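Below is one structure; the comments refer to it alone.
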Amino acid sequence: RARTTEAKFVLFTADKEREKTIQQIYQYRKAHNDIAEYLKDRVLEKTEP
Amino acid sequence: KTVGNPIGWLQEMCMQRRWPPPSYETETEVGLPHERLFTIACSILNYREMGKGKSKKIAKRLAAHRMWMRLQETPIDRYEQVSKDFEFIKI
Amino acid sequence: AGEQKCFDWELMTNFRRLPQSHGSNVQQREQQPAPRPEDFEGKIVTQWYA
């Protein structure tokens, strides 16, 4: 949604949940990276199920 | 301070000393389905201790830990303000 | 010199940008130089705590 140039994305979390939300965000980033690399490396001639 | 498996230690003490194995009873289940509280009892000989928790597992573990300590012992009107020095920490 | 006026070079060579208002904790305030009145006379200040 924050699609403008130099946009700011702000997260509000409490102190006790900082570690868990940081781990959650890293998990989301890892999922995004895995999606990207799976879409990149995979090659198929049939290209249809 | 409940670092470990206190129920395992409790049953270890029970069966090592040939004391009766730890009996466990569930008396009450109170609260709304998304905030139910569970109450688990533990009874060995004449000692009976209570453990409460959001889950039956947690309440059972707390009761076991409590009586494990027991058997070793006996052989504002205001919201707090926040500082303005908060910064934006990159993630 | 005299009634003639000239450009105020020092202020602009100092105030390229307005310094940002930052608070000071007791630890770093302890060894800071003691405030002296003539540095606070006829100047601009702001409350960083409020």
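If you're wondering about the labels, chains in the structure tokens are A, B, ... by order shown, residues count from 1 in each chain, ligands from 1 in order shown.
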To test your reading of the structure, identify every residue in chain B that backbone DSSP assigns to strand (DSSP E or B), and report it as a PyMOL selection string. chain B and resi 23-30+37-44+47-53
Residues of the last selection are to be written out with C-alpha atoms, as a short mmCIF file (atom, residue, chain, number, x, y, z; two decimals), in the first residue's frame.
data_model
loop_
_atom_site.label_atom_id
_atom_site.label_comp_id
_atom_site.auth_asym_id
_atom_site.auth_seq_id
_atom_site.Cartn_x
_atom_site.Cartn_y
_atom_site.Cartn_z
CA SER B 23 -3.22 -38.97 40.96
CA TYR B 24 -4.57 -36.03 38.94
CA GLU B 25 -8.09 -34.62 39.11
CA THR B 26 -9.87 -31.89 37.12
CA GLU B 27 -12.38 -30.09 39.34
CA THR B 28 -13.54 -26.96 37.53
CA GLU B 29 -13.55 -25.52 34.00
CA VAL B 30 -14.53 -21.85 34.25
CA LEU B 37 -9.32 -21.41 32.86
CA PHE B 38 -8.45 -24.96 33.89
CA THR B 39 -7.91 -26.26 37.43
CA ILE B 40 -5.90 -29.47 37.90
CA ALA B 41 -5.44 -31.30 41.20
CA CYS B 42 -2.57 -33.56 42.26
CA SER B 43 -2.94 -35.95 45.20
CA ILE B 44 -0.25 -38.20 46.69
CA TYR B 47 -0.77 -33.96 50.21
CA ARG B 48 -3.05 -32.19 47.73
CA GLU B 49 -1.97 -29.16 45.69
CA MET B 50 -3.58 -26.94 43.05
CA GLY B 51 -2.41 -25.69 39.66
CA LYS B 52 -4.20 -23.26 37.36
CA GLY B 53 -3.55 -22.33 33.75
#
Mind listing as JSON, numbers by chain which residues of chain C are within 9 Å of chain B, counting only C-alpha atoms? {"C": [22, 23, 48, 49, 50]}
Could you please select, counting only C-alpha atoms, the residues of chain B within 12 Å of chain A and state them as number ranges by chain? B: 87-91
For N, CA, C and O atoms, I'd like the residues from the last selection saved as a short mmCIF file (atom, residue, chain, number, x, y, z; two decimals), in the first residue's frame.
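Result went into selection_33.cif, see below:
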data_model
loop_
_atom_site.label_atom_id
_atom_site.label_comp_id
_atom_site.auth_asym_id
_atom_site.auth_seq_id
_atom_site.Cartn_x
_atom_site.Cartn_y
_atom_site.Cartn_z
N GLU B 87 12.75 6.18 19.13
CA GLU B 87 13.25 6.33 17.77
C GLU B 87 12.65 5.24 16.90
O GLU B 87 11.98 4.32 17.38
N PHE B 88 12.90 5.35 15.60
CA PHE B 88 12.39 4.40 14.62
C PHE B 88 13.49 3.38 14.34
O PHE B 88 14.46 3.66 13.64
N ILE B 89 13.33 2.18 14.89
CA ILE B 89 14.34 1.14 14.72
C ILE B 89 14.04 0.35 13.46
O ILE B 89 12.95 -0.22 13.30
N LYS B 90 15.00 0.33 12.54
CA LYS B 90 14.84 -0.41 11.30
C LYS B 90 14.73 -1.91 11.58
O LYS B 90 15.39 -2.43 12.48
N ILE B 91 13.89 -2.58 10.81
CA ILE B 91 13.73 -4.03 10.95
C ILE B 91 14.24 -4.71 9.68
O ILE B 91 14.84 -5.78 9.74
#
Can you list, as a JSON list (two decimals) with N, CA, C and O atoms, in the first residue's frame, every protein, DNA or RNA residue that comes within 12 Å of residue C:44 when you count only C-alpha atoms, leaving out same-chain residues fewer than 5 positions away?
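Saved as result-v8.json:
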[["chain", "number", "residue", "atom", "x", "y", "z"],
["C", 18, "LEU", "N", 19.16, 24.47, 10.89],
["C", 18, "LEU", "CA", 18.81, 24.58, 12.29],
["C", 18, "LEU", "C", 19.12, 23.27, 13.01],
["C", 18, "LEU", "O", 18.65, 22.21, 12.58],
["C", 19, "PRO", "N", 19.91, 23.29, 14.08],
["C", 19, "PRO", "CA", 20.20, 22.05, 14.81],
["C", 19, "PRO", "C", 18.92, 21.44, 15.36],
["C", 19, "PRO", "O", 18.02, 22.14, 15.81],
["C", 21, "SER", "N", 16.39, 19.53, 17.81],
["C", 21, "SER", "CA", 16.22, 19.58, 19.25],
["C", 21, "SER", "C", 16.29, 18.17, 19.83],
["C", 21, "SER", "O", 15.43, 17.33, 19.54],
["C", 39, "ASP", "N", 25.20, 33.13, 27.20],
["C", 39, "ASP", "CA", 24.81, 32.27, 26.09],
["C", 39, "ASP", "C", 23.30, 32.07, 26.02],
["C", 39, "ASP", "O", 22.80, 31.65, 24.97]]
What is the atom CA of residue B:72-atom CA of residue B:12 distance in Å, reported with one decimal? 13.3 Å
Give me, please, the distance in Å between atom CA of residue C:14 and atom CA of residue B:86, quoted to one decimal. 28.4 Å
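Picture a line from atom CA of residue C:15 to atom CA of residue C:43; it runs 13.7 Å.
Using only C-alpha atoms, the contacts of residue B:11 at a cut-off of 12 Å, with sequence neighbours closer than 6 positions omitted, comprise residues 5, 17, 18, 19, 20, 21, 22, 23, 24, 42, 43, 44, 61, 64, 65, 67 and 68 of chain B.
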Keeping C-alpha atoms, export the residues of the selection given above as a CSV table (one decimal), in the first residue's frame.
chain,number,residue,atom,x,y,z
B,5,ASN,CA,9.4,-31.2,33.3
B,17,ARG,CA,10.4,-43.9,46.9
B,18,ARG,CA,7.5,-46.4,46.1
B,19,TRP,CA,5.1,-43.7,47.2
B,20,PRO,CA,1.7,-43.9,45.4
B,21,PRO,CA,1.8,-42.6,41.8
B,22,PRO,CA,0.5,-39.0,41.4
B,23,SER,CA,-3.2,-39.0,41.0
B,24,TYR,CA,-4.6,-36.0,38.9
B,42,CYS,CA,-2.6,-33.6,42.3
B,43,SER,CA,-2.9,-36.0,45.2
B,44,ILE,CA,-0.3,-38.2,46.7
B,61,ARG,CA,2.3,-28.8,34.9
B,64,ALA,CA,2.9,-30.8,39.6
B,65,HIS,CA,5.6,-28.1,40.0
B,67,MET,CA,3.6,-29.9,44.9
B,68,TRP,CA,7.2,-30.8,43.8
